[PDB]
Every structure is written in C-alpha cells, then in structure tokens.
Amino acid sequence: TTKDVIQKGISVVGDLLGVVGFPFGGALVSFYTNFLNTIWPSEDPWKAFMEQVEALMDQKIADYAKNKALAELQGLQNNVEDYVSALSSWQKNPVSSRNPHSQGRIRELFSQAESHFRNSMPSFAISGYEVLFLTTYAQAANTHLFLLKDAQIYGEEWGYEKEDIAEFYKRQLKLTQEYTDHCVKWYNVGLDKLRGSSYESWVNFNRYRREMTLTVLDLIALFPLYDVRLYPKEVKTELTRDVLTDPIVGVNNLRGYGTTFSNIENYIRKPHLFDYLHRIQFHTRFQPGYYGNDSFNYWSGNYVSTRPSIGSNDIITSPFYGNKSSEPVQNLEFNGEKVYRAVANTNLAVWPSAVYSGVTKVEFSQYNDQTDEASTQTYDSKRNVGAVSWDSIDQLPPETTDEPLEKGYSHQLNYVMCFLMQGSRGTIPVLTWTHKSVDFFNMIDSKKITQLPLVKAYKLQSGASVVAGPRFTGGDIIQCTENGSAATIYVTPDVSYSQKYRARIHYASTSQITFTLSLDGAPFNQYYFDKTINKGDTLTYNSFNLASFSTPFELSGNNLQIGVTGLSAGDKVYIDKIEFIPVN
C-alpha cells in the first residue's frame, strides 16, 4: 500500500543528504535535475501526494480546493524548471560569459520562482484541509527553502546588492521556522485524529505515522541545513528515528481478532538509545488445518537482541514476545549485517468456527560493509509455507532504483515484535526499521560538518533519559534533569594529523547552563549557554538554539562525554545534536 509517493518521498531525502549544507556547486545541479523528475515532472506526483493523506484519514479534499492546489503546483513546476536550466548554464558557462544580460536574467528567474512560492503557499494551508494537504505543503516548502538558499550562494555573482541578499536571508530564517512549525502542528493533529481502539484503527494510525515520517518529518528535518551561512561546508548527518512497517497478516479482515490499539502502541519500543539488530530467536507453532493439507506451522513468538551504538557491546535482549515454540527453535545471527529487505509468506486454515492465519516464512535480504558482499538468511515454518504476501519494499522503497538494492536501499531492520491475536487465533509480527543514513562508527569527517545526535551515545548518566523528539530533529533527544555528566558517545576520527575542530551544540534549556565537553575523561571545552524556554513550554522550532564553543581542539580520544551544570530544581535541558566544524 502506497509506493508512488513513498518512493518519491525517500528519493528526495536520499538525494538531498548530499547537497545539504554548502554543496560543491557541481552537485547542486546534479541534484536539481533529479528533483525535477522526482517531484516536478508533471502534476502526476502532486495528485498522488493528496490521495495518500486522503487514504490514511478516510476524509476527502473537496473539488473546489483539490484543483487550485494543482493549478499552483503546475505554476511552480515551470518556474523551478526554468530556474534550474538557467542555473545549470550559469555553472557551466565560463566566467567570460557573465555579462549584464544573463545576470539579470537568472536574477529574474530566481525572483520569479521564489516570488511564486510565496504566493502559492497558503493554497496548501486552506482552513479545513490542512492535514490532507500536508505532504503537498511539505514538498513545496522544501523546494522553496532549497531555492532561497541559492540567493546566498550566487547573490553577488548575479549582482544582487548586499541588502537584496540580506532580505532573502531573513526570509529564509522566518520561513524555516514557520514551515517547520506548521508541519509538526498539523502532522500531530492528523495523527491524533486517528487514535482509536481496534487493530484496524492502529494500522491506519501507524501507516499515517510511517508515511508522514517519510514524506514530511524526514524532509523538514533537513530545512536548517539549507542555511549555507551557518553551514558553509557539506554536512554529514543522519536520521535516527524508528519507523514500523504495517504488520504481517494472512487475511485482510481479522474480524476484530487483531490485537487492540492499546495493546500494540503501549508496548512498542519506547524512546531508546540507538541500537542495531543483533539476534532473532524464532518460535514456531503448529496450526492443525481443516484437512491433511492446510495444516501448517506458523511463526508464533520470538526474542530480540540488539547491539548498542558503538562504545558498548554488552548486548540487549528483549522479554519474550508471543507464544513459545512447539517445533524446534531457529536462530539467525545478524552481527555486522544490515537487513535491507524482508519478504514473507502467510497461510490460513478455514474452520467452521474460526480462521487461523500465521506467518510461515520470512526471508531476510542483508548486506555487509566490513567485507562488501550480499547474502540471504531465511526462516521456514518447516510445514506448508504458502506464498509470499508481504514485501517490505512496498513500504520502505529504495532511495534510487538505479543500483542493486543492497547499495540503493533505504532502511535496515532494527527490531521484530510478535503480538498475540485476541483469543490466541494467531501471532501478528511487527517490524521496526531505521534509516540507512545512520553511521555505525560515529565518524567525524575531516572536510565536512558533522552532526552527532546524542541518541548515538552508548551510555547515559546522572538520570538522563531519552525523550520523544519534537518531530523536526530527525529523531529523539536526550533529556537532562540533573547537574553533571549526561551522555557519553564514542567517536571515530578519520585521520591522525592533528585536525583541529570547533564544536557547536543544538539544545534547549529552561535556564542558563554550562556545557562541558570531554574526551576519555579529559575536559577540553566549556562555556555558558543562554536560556531558551520557560518551564511548561511545548517545544517548537525556536525552542532550540544552536551555539558555538569558544576553543578549537583535536580529536585525540574517542569518548565524548557531555555534561550540564546550572540546573536548579525543576529545570530541564534537552540536547539534540553536537556538531563538529573542521578548522585550521
């Protein structure tokens, strides 16, 4: 269900993570001609973004409104196309071309496009349909910002005056805040409009939350990296959040025997440090069928093990989920492997009184970065497997379908839960996946700006917990409630010529505070940081400030430990990311 927008939704975030920050000008047109075919070739990509949010909501956009949202996304096609053609010429054309004629021509093109976005946008926010338009609003907003930054890059070359540029800069700032906050507000509103009580309500809920994460929340997460003044190099970053695929079922209609809403959501992975899949212990049962044929074996329960982010290796293993095994147990080991796909068989037995569905087979496609070669590891119920009915590609497509899927995939499996049906009529398993952009090693690039999310810390102290991020950070954040050391993340430098660095940190504090950075316990950076919220406040874009440390430093260590002081009682610090700016 939905691979049309959910593919364009992952190509755009997968394509935008290269030209994010200050793109080496050659990659900024190597991007924009992918983005003109992904999101702006016709109005076929824009009438799908609508009918996707419509499907998750069971409500309609009227017809006196579903049009003027397409009449504008045509308006914006040309503009954006025409600007990119012009900009591409500008890039190629040797500087013995840059006469006053072509200057004010690209100038007018950029001004056209940017002008038009500013006129269009409220069309994607009309009162009453803000949720249904959300993806359209997002993809547009994202083209508008990504457009606006070009004024900073080429402004002088095109002959815009100091003011002209600086007026664009203030607009990019205000719109980055307004666009982001709009998207979180209305995402949550829609999400809430879908909580219910049945397994049925839940799958719609989760399908909304998955698809909105891929085609909205992942997109806004990159909006502050279009500020090329604050990010004047290329940025190395990652999305740390979870997504759960739809559950694996042998029937469309479970007739109210699916696990209740409360029984799934209150029991899925709560905000946690980042980890990677380590082990799955499959548990198979026997399903006596109506005849000496349909009787089969089904995946009924499991354990899960996951290995924590780098710095620790002492593993985690889950409670038992589901029912214990009546055939022998199967173990697959996933150390060092990245499970870029999952395909599954299901099967059912029709009984005069009831139906019994199960998952009989799951084949796990996987890849290996330590030693470049792809493989498969499979699970077999060992009795009447049936046919494949569930393909994770249909929900987590690849970034691009150019390369083979083990290079161009978009997600790797993180976690496998097993939920029991009502009146043990089966087990429904649920798969959790993370983004391919995550780096196991926590590498600090030597040419680029590096963003290290505090959820990649391997260890938390002084009563520092992991908290639901505010939807625009790309994941969660660390919550400090106490003075003293709060988080410890392991860190991989890429050279050993003493490459000096400056640090910034992206936080939100209720009071003024002091951050201490250390390496292997040696403290190497401290400074005072400004208040940014009042107690009780709900965290919007402006809640988080991004502030530099005074002193350059080298990465002669691996164990970054972050500490907070200044908290009175009832204070909160929220830490999102730590940044590394390579220096001279």
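Counting begins at 1, following the sequence as shown.
When the two stretches 342-350 and 227-235 are set side by side, the higher mean Cα temperature factor goes to 342-350. The mean Cα B-factor in the deposited entry runs higher for 321-329 than for the other of 153-161 and 321-329. The residue among 55, 547, 517, 539 whose C-alpha carries the highest B-factor in the deposited model is 55. The PDB entry assigns its highest CA temperature factor, among 426, 308, 190, 271, to 426. Per-chain ranking of the deposited C-alpha B factor places residue 38 in the highest third. In the PDB entry, a CA B factor belonging to the highest third of its chain's modelled residues is recorded for residue 409.
Placement of the Cα temperature factor of residue 28 within the chain: highest third of the modelled residues, per the deposited record. Remark: residue 71 belongs to the highest third of its chain, ranked by C-alpha B-factor as recorded.
The PDB entry assigns residue 276 a C-alpha temperature factor belonging to the lowest third of its chain's modelled residues.
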